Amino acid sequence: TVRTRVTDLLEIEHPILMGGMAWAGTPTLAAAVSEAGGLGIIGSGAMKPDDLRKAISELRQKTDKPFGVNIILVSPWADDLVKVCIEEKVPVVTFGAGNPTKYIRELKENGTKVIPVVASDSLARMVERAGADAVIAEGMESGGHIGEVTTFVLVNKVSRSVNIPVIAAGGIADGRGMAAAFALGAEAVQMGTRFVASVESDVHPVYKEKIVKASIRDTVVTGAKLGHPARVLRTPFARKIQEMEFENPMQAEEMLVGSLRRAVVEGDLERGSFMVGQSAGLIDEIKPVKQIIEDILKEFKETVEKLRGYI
């Protein structure tokens, strides 16, 4: 039903992206998102080029619909992962935090849509010129690495500053979020925590369920003094890291090495980084990916009719 500049740009059915997620954005879960009319995205967080090549191929076994790949600029294999996306003709590439200008042009030579994740208007506009096709404006309530501006303000300001489509991310978990994000100027939404809490997800069921029971207050920011702030589930281990950032900052940096995997794969609460957004307190049950998208789209429609009721 709903169609935007983002639906045209990606030949997509719904304006819903799956956030690139390291260790959580598997080919299985991204395929279900693409089959349901959204845009799944493989999270190449801790992947070597062979891992990504195999993941790309095993996603095309599960769907012929468009999909994307997410690359962390800080990754030791960022350059190689970009070339993997090129020679596999990945339709859409997403970039994590940083400035992916050095990769725009060659990805655009190959017909790949480039959508950087930004946390400021000045960087949104900087990549817009660099050639980017769209921009994901991610507020600080999101899970994983965060910026300093909230979704409510960032999406508004970025939309007015660039002419390419803006995709709101951070805190979106239902049809009200999409409506409000669209009201703020976005033309699609990207969700992470809402798509981890799906039956197609293969995260350790502890993870899914810590999301179900988490309130909107049950997150904290770790890594802020080390320069890389990230939002995780409020847990004793996370408070230990907040302390260790001040007292022993290098021992803290090693305490997080591989901490996301012990959360994702093994559901280890004592040594895991359960990256989640504040949206977790908006999530109350595990739903199949297609049901999530259709529920969000109907509620998005009903919210617009209510907003109409005021005129």
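Throughout, we count residues from 1 along the sequence that is shown.
Taking the PDB entry as given, 201-209 carries the higher mean Cα B factor of the two stretches 180-188 and 201-209. Between 170-178 and 104-112, the higher mean Cα B-factor belongs to 104-112. Note on the listed residues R160, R194, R239, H145: the highest Cα temperature factor in the record is that of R239. Out of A55, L282, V69, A252, the entry records its largest CA B-factor for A252.
The deposited CA B-factor of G43 belongs to the lowest third of values across its chain.
When the CA B factors of the chain's modelled residues are split into thirds, the value for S273 lands in the middle one. Per the deposited record, the Cα B-factor of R231 falls in the lowest third when ranked against the other modelled residues of its chain. When the CA B factors of the chain's modelled residues are split into thirds, the value for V155 lands in the lowest one.
Split the chain's modelled residues into thirds by C-alpha temperature factor. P91 is in the lowest one.
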